[PDB]
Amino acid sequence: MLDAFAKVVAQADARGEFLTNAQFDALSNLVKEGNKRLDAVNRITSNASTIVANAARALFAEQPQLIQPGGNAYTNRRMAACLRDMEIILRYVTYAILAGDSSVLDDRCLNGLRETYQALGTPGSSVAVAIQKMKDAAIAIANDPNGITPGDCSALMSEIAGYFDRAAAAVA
C-alpha cells in the first residue's frame, strides 16, 4: 500500500526524477506535524467502541425504519453485522490517517463496497449517514482541547474528515 511518503515517491518515480525542493518540504513538514497525527490515531483508536455505539445510536434514532421488522438492520443477527461493519470502516480510516494517505482505505475497504451492499440490498445511503455520524464523533474527540498540549490541528482535522467523507461517498 501507500503512505504519504511513499505516495510522493511513487509519483516522482513515474516521471523518473528526484524530489523537487517542494516535495521534500511538503514531507518534512508532515513529519513536523507528526505528534499531532499520532495523538489523532491514538485518541480515535482508544474510543472506537464509543464512537461507534454513538453514531449507531444516532443513526437509528434518525432513520428508525431500519429497526422496524424487516428493516435491513432488524434482528440481533443483522444489528451485529451492521456495527461490525462500521467498526471495520473506522478501523480502516485510522490506518489511512496514520498513513496520511487514503491508499489503504480505498484498496482494502472502499473498493467495490458500493456494489456489495447493493447485492445485499443494504441502503448504501444509510451507510453513508452512519459514517458521517462517526466522523463527527471521531473529530470532536480527536480535536478535544482538554488533556493535550494546546496547538493547532484544524488541518489534520480537515484531512481526517476527508477520509471519512471519501468513504461515505463510495457507498452512497
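When you see a residue number, it is the position in the sequence shown, counting from 1. Basically, rigid core = biggest C-alpha set you can superpose within 1.5 Å across the two forms.
With 63-71 and 36-44 as candidates, the stretch whose CA atoms show the greater average offset from this form in 6 other deposited structures of this protein after a core fit is 63-71. Annotation for 30-38 versus 107-115: the higher mean temperature factor (C-alpha) is found in 107-115. In this entry, 5-13 has the higher mean Cα B-factor, the comparison being between 5-13 and 160-168. The residue among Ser49, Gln65, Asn146, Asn143 whose C-alpha carries the highest B-factor in the deposited model is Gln65. Sort the modelled residues of the chain by CA B factor and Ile139 lands in the lowest third.
Sort the chain's modelled residues by C-alpha temperature factor and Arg77 lands in the highest third, per the entry.
The deposited CA B-factor of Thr45 belongs to the lowest third of values across its chain.
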